[PDB]
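As a convention, Cβ positions derive from the backbone with ideal geometry for all residues, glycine included, and neighbour counts pool all protein chains shown. Derivation of every value follows stated rules applied to the coordinates shown; laboratory data play no part.
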Ligand SMILES: OC[C@@]1(O)OC[C@@H](O)[C@@H](O)[C@@H]1O
Ligand SMILES: OC[C@@]1(O)OC[C@@H](O)[C@@H](O)[C@@H]1O
Ligand SMILES: OC[C@@]1(O)OC[C@@H](O)[C@@H](O)[C@@H]1O
Ligand SMILES: OC[C@@]1(O)OC[C@@H](O)[C@@H](O)[C@@H]1O
Ligand SMILES: OC[C@@]1(O)OC[C@@H](O)[C@@H](O)[C@@H]1O
Ligand SMILES: OC[C@@]1(O)OC[C@@H](O)[C@@H](O)[C@@H]1O
């Protein structure tokens, strides 16, 4: 019995938390902004996940690294929707 | 599981570091505060681990996400003990 | 199928990002500082990887925890080359 795999990030002092879970090839996102957990907009394929985030002033930026096989895809949140990032592995 | 699985967080400029290792279904904690590595109070079940933390002043707040199977348990350090948090993977 | 396993850290407001990938027993590093992804100096054996980093002023310090079997090795970046750290899982 394998286990799901998670990645977590947080920012500010409320704080906001985002937890990403890779489960059966699908990565989903749960969100905390101080008043209960809810399901976020991130939904992308992957068996492995890592995450980092940074603030510019008050604006959060999130990068999620989703891996299937040997291919890692980066996904970007910059305040107005998830988009694919430029990340590639060694060529 | 071939190898153990780790997660790490750090805070301040000394820094303090906490490293969580999932090994044989148990997660344990090693701590650095600038003066040598020692074993921390965290000990909970899990095959997978992730962590995030934030400061309020000089006071650290840690959240560890411990997963076994498809069950992810959030553990909260807010200065005095590890308490089960409100996190669920789905409302 | 099995997939590679990653860990990510970031700092500053550009930001700089480092992504560590464990692939078939080797951990390598990809780097972003605003101007394209490139291959970093980090290269160490391991089947699992986690990372944390902290700034002291504008100087970044990175700790990478590489695991093979039950043995976790800490690798330290402090501005001038990767060195093995004092981390042990026991004692
Ligand atoms: O406010 C919720 C939300 O917009 O926060 C930023 C990202 O985590 C999004 O996926 C998420 O749906
Ligand atoms: O704004 C998108 C982006 O430029 O952000 C920094 C890195 O995450 C890049 O790979 C990514 O394409
Ligand atoms: O000083 C050690 C300690 O109290 O630091 C905060 C948490 O990491 C605890 O598990 C840990 O025992
Ligand atoms: O104080 C505990 C708590 O409220 O902290 C913020 C989140 O980690 C919650 O899931 C958790 O229950
Ligand atoms: O500029 C790239 C670099 O020096 O940045 C700090 C560390 O990530 C190093 O491994 C890496 O080669
Ligand atoms: O400067 C290296 C070092 O002292 O930094 C703090 C911890 O990462 C230690 O394990 C490590 O040896």
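Could you rank the peptides B:71-78, C:39-46, B:31-38 by their average count of other C-beta atoms within 10 Å per residue, with the highest value first? If you can, show how the numbers build up before the last one.
Values: B:71-78: 18.4, C:39-46: 15.6, B:31-38: 13.2.
Sorting B:71-78, C:39-46, B:31-38 by mean packing, highest first, produces B:71-78, C:39-46, B:31-38.
The separation of the stretch B:1-44 from the stretch C:27-91, counted between C-alpha centres, amounts to 15 Å.
Shielding of peptide B:49-61 by partners, expressed as the average count of other chain Cβ atoms within 10 Å per residue Cβ, is 4. The Rg/Rh ratio for chain B, using Cα coordinates for both the radius of gyration and the Kirkwood hydrodynamic radius, is 0.97. Label-point distances for residue B:1 to the equivalent site in the other copies, using a point 7 angstrom along Cα→C-beta, read 1.4, 2.5 nm when ranked shortest first.
Entry note: the protein assembly as shown has Rg to Rh equal to 0.92, where both radii use alpha-carbon atoms and Rh is the Kirkwood radius. Test of understanding: in a Gaussian network model of chain A with alpha carbons linked when under 10 Å, which of A:58, A:50, A:16 would top the mean-square fluctuation ranking? Judging by the Gaussian network model, the answer is A:58.
Hey, what did chain A get for relative contact order, percent, Cα under 8 Å, at least 6 apart?
It rounds to 19 percent for chain A.
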